[PDB]
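What's in structure03.cif: mmCIF, C-alpha atoms
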```
data_query
#
loop_
_atom_site.group_PDB
_atom_site.id
_atom_site.type_symbol
_atom_site.label_atom_id
_atom_site.label_comp_id
_atom_site.auth_asym_id
_atom_site.auth_seq_id
_atom_site.Cartn_x
_atom_site.Cartn_y
_atom_site.Cartn_z
ATOM 1 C CA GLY A 1 15.711 9.020 10.849
ATOM 2 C CA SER A 2 16.174 5.634 9.210
ATOM 3 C CA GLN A 3 16.590 3.660 12.424
ATOM 4 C CA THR A 4 15.028 0.515 11.015
ATOM 5 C CA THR A 5 17.904 -1.378 9.423
ATOM 6 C CA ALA A 6 15.948 -4.606 9.811
ATOM 7 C CA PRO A 7 13.634 -5.766 6.979
ATOM 8 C CA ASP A 8 10.428 -5.504 9.035
ATOM 9 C CA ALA A 9 9.184 -2.759 6.736
ATOM 10 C CA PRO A 10 6.259 -3.679 4.421
ATOM 11 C CA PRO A 11 7.184 -3.627 0.691
ATOM 12 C CA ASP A 12 5.388 -1.241 -1.680
ATOM 13 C CA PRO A 13 1.633 -2.021 -1.424
ATOM 14 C CA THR A 14 -0.082 -3.135 -4.606
ATOM 15 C CA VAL A 15 -3.299 -1.472 -5.742
ATOM 16 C CA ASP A 16 -5.564 -3.786 -7.734
ATOM 17 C CA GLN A 17 -9.211 -3.986 -8.796
ATOM 18 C CA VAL A 18 -9.819 -0.261 -9.111
ATOM 19 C CA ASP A 19 -13.507 0.642 -8.983
ATOM 20 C CA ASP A 20 -15.168 4.017 -9.438
ATOM 21 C CA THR A 21 -14.568 4.895 -5.791
ATOM 22 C CA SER A 22 -12.781 1.887 -4.280
ATOM 23 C CA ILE A 23 -9.593 -0.169 -4.618
ATOM 24 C CA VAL A 24 -7.946 -3.258 -3.215
ATOM 25 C CA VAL A 25 -4.655 -2.253 -1.619
ATOM 26 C CA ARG A 26 -2.538 -5.256 -0.687
ATOM 27 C CA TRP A 27 0.652 -5.205 1.368
ATOM 28 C CA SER A 28 3.273 -7.775 2.305
ATOM 29 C CA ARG A 29 3.981 -7.871 6.034
ATOM 30 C CA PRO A 30 7.290 -9.247 7.413
ATOM 31 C CA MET B 1 5.780 -28.140 17.570
ATOM 32 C CA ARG B 2 8.821 -27.780 19.848
ATOM 33 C CA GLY B 3 7.221 -24.715 21.414
ATOM 34 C CA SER B 4 8.572 -22.398 18.715
ATOM 35 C CA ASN B 5 8.845 -19.625 21.296
ATOM 36 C CA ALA B 6 10.770 -16.590 20.086
ATOM 37 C CA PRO B 7 10.443 -12.788 20.401
ATOM 38 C CA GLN B 8 10.234 -12.234 16.653
ATOM 39 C CA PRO B 9 10.768 -8.503 15.950
ATOM 40 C CA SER B 10 8.038 -8.543 13.305
ATOM 41 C CA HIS B 11 4.571 -8.639 14.860
ATOM 42 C CA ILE B 12 2.037 -6.096 13.635
ATOM 43 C CA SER B 13 -0.746 -5.053 15.995
ATOM 44 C CA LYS B 14 -2.569 -2.866 13.465
ATOM 45 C CA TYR B 15 -2.102 -1.420 9.983
ATOM 46 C CA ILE B 16 -3.109 2.197 9.475
ATOM 47 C CA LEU B 17 -4.086 3.091 5.932
ATOM 48 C CA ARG B 18 -3.797 6.828 5.331
ATOM 49 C CA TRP B 19 -4.817 8.380 2.035
ATOM 50 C CA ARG B 20 -5.175 11.977 0.896
ATOM 51 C CA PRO B 21 -5.823 13.507 -2.562
ATOM 52 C CA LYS B 22 -3.029 15.603 -4.087
ATOM 53 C CA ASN B 23 -5.445 18.516 -4.370
ATOM 54 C CA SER B 24 -5.553 18.542 -0.574
ATOM 55 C CA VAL B 25 -2.598 19.184 1.715
ATOM 56 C CA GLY B 26 -4.861 18.987 4.751
ATOM 57 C CA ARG B 27 -6.095 15.929 6.624
ATOM 58 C CA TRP B 28 -5.437 12.282 5.827
ATOM 59 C CA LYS B 29 -8.228 9.727 5.929
ATOM 60 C CA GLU B 30 -7.381 6.986 8.408
ATOM 61 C CA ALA B 31 -8.519 3.380 8.400
ATOM 62 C CA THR B 32 -7.187 0.832 10.875
ATOM 63 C CA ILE B 33 -6.810 -2.765 9.718
ATOM 64 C CA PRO B 34 -6.301 -5.673 12.195
ATOM 65 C CA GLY B 35 -2.679 -6.807 12.430
ATOM 66 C CA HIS B 36 -3.277 -10.051 10.552
ATOM 67 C CA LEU B 37 -4.745 -8.843 7.270
ATOM 68 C CA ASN B 38 -2.839 -8.097 4.072
ATOM 69 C CA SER B 39 -5.399 -6.220 1.995
ATOM 70 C CA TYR B 40 -7.967 -3.466 2.413
ATOM 71 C CA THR B 41 -10.743 -2.183 0.178
ATOM 72 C CA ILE B 42 -10.475 1.603 0.356
ATOM 73 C CA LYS B 43 -13.851 3.217 -0.213
ATOM 74 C CA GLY B 44 -14.019 6.911 -0.970
ATOM 75 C CA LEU B 45 -11.445 7.332 -3.714
ATOM 76 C CA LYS B 46 -12.260 9.793 -6.484
ATOM 77 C CA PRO B 47 -11.740 8.380 -10.013
ATOM 78 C CA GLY B 48 -9.077 10.316 -11.866
ATOM 79 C CA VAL B 49 -7.673 11.985 -8.775
ATOM 80 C CA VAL B 50 -4.094 11.426 -7.636
ATOM 81 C CA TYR B 51 -3.838 10.237 -4.045
ATOM 82 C CA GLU B 52 -1.039 9.958 -1.521
ATOM 83 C CA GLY B 53 -1.031 6.813 0.578
ATOM 84 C CA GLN B 54 0.720 5.733 3.755
ATOM 85 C CA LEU B 55 0.652 2.252 5.260
ATOM 86 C CA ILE B 56 1.699 2.521 8.901
ATOM 87 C CA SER B 57 2.302 -0.851 10.508
ATOM 88 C CA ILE B 58 2.203 -0.541 14.282
ATOM 89 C CA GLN B 59 4.233 -3.427 15.641
ATOM 90 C CA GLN B 60 3.701 -4.804 19.152
ATOM 91 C CA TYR B 61 7.119 -3.503 20.203
ATOM 92 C CA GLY B 62 5.973 0.052 19.530
ATOM 93 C CA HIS B 63 7.867 -0.083 16.270
ATOM 94 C CA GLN B 64 6.263 1.980 13.507
ATOM 95 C CA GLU B 65 6.963 1.295 9.845
ATOM 96 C CA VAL B 66 5.447 3.742 7.384
ATOM 97 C CA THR B 67 5.321 2.615 3.771
ATOM 98 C CA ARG B 68 4.463 5.539 1.512
ATOM 99 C CA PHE B 69 2.744 4.754 -1.776
ATOM 100 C CA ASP B 70 0.623 6.482 -4.418
ATOM 101 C CA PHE B 71 -2.560 5.856 -6.389
ATOM 102 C CA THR B 72 -3.867 7.027 -9.787
ATOM 103 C CA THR B 73 -0.276 7.310 -10.958
ATOM 104 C CA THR B 74 0.016 4.224 -13.147
ATOM 105 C CA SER B 75 -1.987 5.653 -16.032
ATOM 106 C CA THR B 76 -1.318 3.416 -19.030
ATOM 107 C CA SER B 77 -2.864 5.969 -21.376
ATOM 108 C CA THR B 78 -0.769 4.917 -24.362
ATOM 109 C CA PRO B 79 -2.141 6.779 -27.441
ATOM 110 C CA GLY B 80 -1.646 3.815 -29.762
ATOM 111 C CA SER B 81 2.139 3.862 -29.759
ATOM 112 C CA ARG B 82 2.722 1.551 -32.700
ATOM 113 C CA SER B 83 6.421 0.927 -33.172
ATOM 114 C CA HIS B 84 5.858 -2.464 -34.782
ATOM 115 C CA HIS B 85 6.409 -2.277 -38.537
ATOM 116 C CA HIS B 86 8.863 -5.130 -39.006
ATOM 117 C CA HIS B 87 7.686 -8.716 -39.342
ATOM 118 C CA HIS B 88 9.839 -11.165 -37.408
ATOM 119 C CA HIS B 89 10.596 -14.680 -38.679
#
```

This structure in structure tokens:
Amino acid sequence: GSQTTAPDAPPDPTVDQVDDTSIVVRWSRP
Amino acid sequence: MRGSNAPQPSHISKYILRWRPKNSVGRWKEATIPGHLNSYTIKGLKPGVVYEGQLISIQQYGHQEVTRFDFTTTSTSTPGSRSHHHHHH
């Protein structure tokens, strides 16, 4: 269940620079 | 300075990037990223195929945070939606 009530969960990762078969997925860590 | 010693409950040991195409309900592809990086270049993504993604941050305390995301969903395929026909000013 949702045990983690603390904000140590990474926000929605951003996908940029989409190639034919590759991307840059960037995430924000706490 | 001043030691700065503190058991901060936010220390990632490794980030696991899991992705799987929506046409497959089988296995996820797993890539492990060192727990000090913030971006990964995923190679092996089919163009025009919707993928499911999971970022699992394994924290040193054995704490697992799974951030579920998606790819090939933001398709700005606007078919020339011209609503502008009034000149401002």

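With the shown file loaded, the PyMOL selection byres ((chain B and resi 44) around 8) picks out residues 21 and 22 of chain A; 42, 43, 45 and 46 of chain B.
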
Would you put the residues from that selection into a file with C-alpha atoms, as a PDB file, in the frame of the given file?
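Dumped everything to part36.pdb:
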```pdb
ATOM      1  CA  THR A  21     -14.568   4.895  -5.791  1.00  0.00           C
ATOM      2  CA  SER A  22     -12.781   1.887  -4.280  1.00  0.00           C
TER       3      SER A  22
ATOM      4  CA  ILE B  42     -10.475   1.603   0.356  1.00  0.00           C
ATOM      5  CA  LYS B  43     -13.851   3.217  -0.213  1.00  0.00           C
ATOM      6  CA  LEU B  45     -11.445   7.332  -3.714  1.00  0.00           C
ATOM      7  CA  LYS B  46     -12.260   9.793  -6.484  1.00  0.00           C
TER       8      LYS B  46
END
```

I'd like to see the residues matched by the PyMOL selection byres ((chain B and resi 71) around 12) on this file, and ideally I'd get them as a PDB file with C-alpha atoms, in the frame of the given file.
```pdb
ATOM      1  CA  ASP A  12       5.388  -1.241  -1.680  1.00  0.00           C
ATOM      2  CA  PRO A  13       1.633  -2.021  -1.424  1.00  0.00           C
ATOM      3  CA  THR A  14      -0.082  -3.135  -4.606  1.00  0.00           C
ATOM      4  CA  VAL A  15      -3.299  -1.472  -5.742  1.00  0.00           C
ATOM      5  CA  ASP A  16      -5.564  -3.786  -7.734  1.00  0.00           C
ATOM      6  CA  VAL A  18      -9.819  -0.261  -9.111  1.00  0.00           C
ATOM      7  CA  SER A  22     -12.781   1.887  -4.280  1.00  0.00           C
ATOM      8  CA  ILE A  23      -9.593  -0.169  -4.618  1.00  0.00           C
ATOM      9  CA  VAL A  24      -7.946  -3.258  -3.215  1.00  0.00           C
ATOM     10  CA  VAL A  25      -4.655  -2.253  -1.619  1.00  0.00           C
TER      11      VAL A  25
ATOM     12  CA  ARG B  18      -3.797   6.828   5.331  1.00  0.00           C
ATOM     13  CA  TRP B  19      -4.817   8.380   2.035  1.00  0.00           C
ATOM     14  CA  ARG B  20      -5.175  11.977   0.896  1.00  0.00           C
ATOM     15  CA  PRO B  21      -5.823  13.507  -2.562  1.00  0.00           C
ATOM     16  CA  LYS B  22      -3.029  15.603  -4.087  1.00  0.00           C
ATOM     17  CA  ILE B  42     -10.475   1.603   0.356  1.00  0.00           C
ATOM     18  CA  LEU B  45     -11.445   7.332  -3.714  1.00  0.00           C
ATOM     19  CA  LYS B  46     -12.260   9.793  -6.484  1.00  0.00           C
ATOM     20  CA  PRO B  47     -11.740   8.380 -10.013  1.00  0.00           C
ATOM     21  CA  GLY B  48      -9.077  10.316 -11.866  1.00  0.00           C
ATOM     22  CA  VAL B  49      -7.673  11.985  -8.775  1.00  0.00           C
ATOM     23  CA  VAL B  50      -4.094  11.426  -7.636  1.00  0.00           C
ATOM     24  CA  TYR B  51      -3.838  10.237  -4.045  1.00  0.00           C
ATOM     25  CA  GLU B  52      -1.039   9.958  -1.521  1.00  0.00           C
ATOM     26  CA  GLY B  53      -1.031   6.813   0.578  1.00  0.00           C
ATOM     27  CA  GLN B  54       0.720   5.733   3.755  1.00  0.00           C
ATOM     28  CA  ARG B  68       4.463   5.539   1.512  1.00  0.00           C
ATOM     29  CA  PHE B  69       2.744   4.754  -1.776  1.00  0.00           C
ATOM     30  CA  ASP B  70       0.623   6.482  -4.418  1.00  0.00           C
ATOM     31  CA  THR B  72      -3.867   7.027  -9.787  1.00  0.00           C
ATOM     32  CA  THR B  73      -0.276   7.310 -10.958  1.00  0.00           C
ATOM     33  CA  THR B  74       0.016   4.224 -13.147  1.00  0.00           C
ATOM     34  CA  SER B  75      -1.987   5.653 -16.032  1.00  0.00           C
TER      35      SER B  75
END
```

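Running the PyMOL selection byres ((chain B and resi 56-63) around 6) on this file leaves residues 11, 12, 13, 14, 15, 16, 55, 64, 65 and 66 of chain B selected.
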
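CA of residue 82 in chain B to CA of residue 19 in chain A spans 28.8 Å [interatomic distance, one decimal].
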
Using only C-alpha atoms, the shortest atom-to-atom distance to residue 10 in chain A among B:83, B:77, B:89, B:38 belongs to B:38

Exercise. CA of residue 17 in chain B and CA of residue 11 in chain A, how far apart in Å?
Worked result: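 Between CA of residue 11 in chain A and CA of residue 17 in chain B the gap is 14.1 Å.
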
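Interatomic distance, CA of residue 34 in chain B against CA of residue 1 in chain A: 26.5 Å.
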
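Minimum distance to chain A across B:6, B:31, B:37, B:1 (counting all atoms listed in the file) occurs at B:37.
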
For chain A, the closest of B:10, B:24, B:81, B:5 counting only C-alpha atoms is B:10

Kindly provide, as AutoDock Vina command-line options, the centre and edge lengths (Å, one decimal) of an axis-aligned box around all atoms of range 5-24 of chain A given in the file, with 8 Å on each side.
```
--center_x 1.4 --center_y -0.4 --center_z 0.2 --size_x 49.1 --size_y 26.7 --size_z 35.2
```

Practice item. Using all atoms listed in the file, find the one residue out of B:41, B:30, B:8, B:25 that sits nearest to chain A. Key: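 When distances to chain A are compared using all atoms listed in the file, the smallest one comes from B:41.
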
All residues 8 Å or closer to residue 9 in chain A, all atoms listed in the file, same chain fewer than 3 positions away omitted, as an mmCIF file with C-alpha atoms, in the coordinates of the input:
```
data_model
loop_
_atom_site.group_PDB
_atom_site.id
_atom_site.type_symbol
_atom_site.label_atom_id
_atom_site.label_comp_id
_atom_site.auth_asym_id
_atom_site.auth_seq_id
_atom_site.Cartn_x
_atom_site.Cartn_y
_atom_site.Cartn_z
ATOM 1 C CA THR A 4 15.028 0.515 11.015
ATOM 2 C CA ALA A 6 15.948 -4.606 9.811
ATOM 3 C CA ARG A 29 3.981 -7.871 6.034
ATOM 4 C CA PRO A 30 7.290 -9.247 7.413
ATOM 5 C CA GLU B 65 6.963 1.295 9.845
ATOM 6 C CA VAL B 66 5.447 3.742 7.384
ATOM 7 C CA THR B 67 5.321 2.615 3.771
#
```
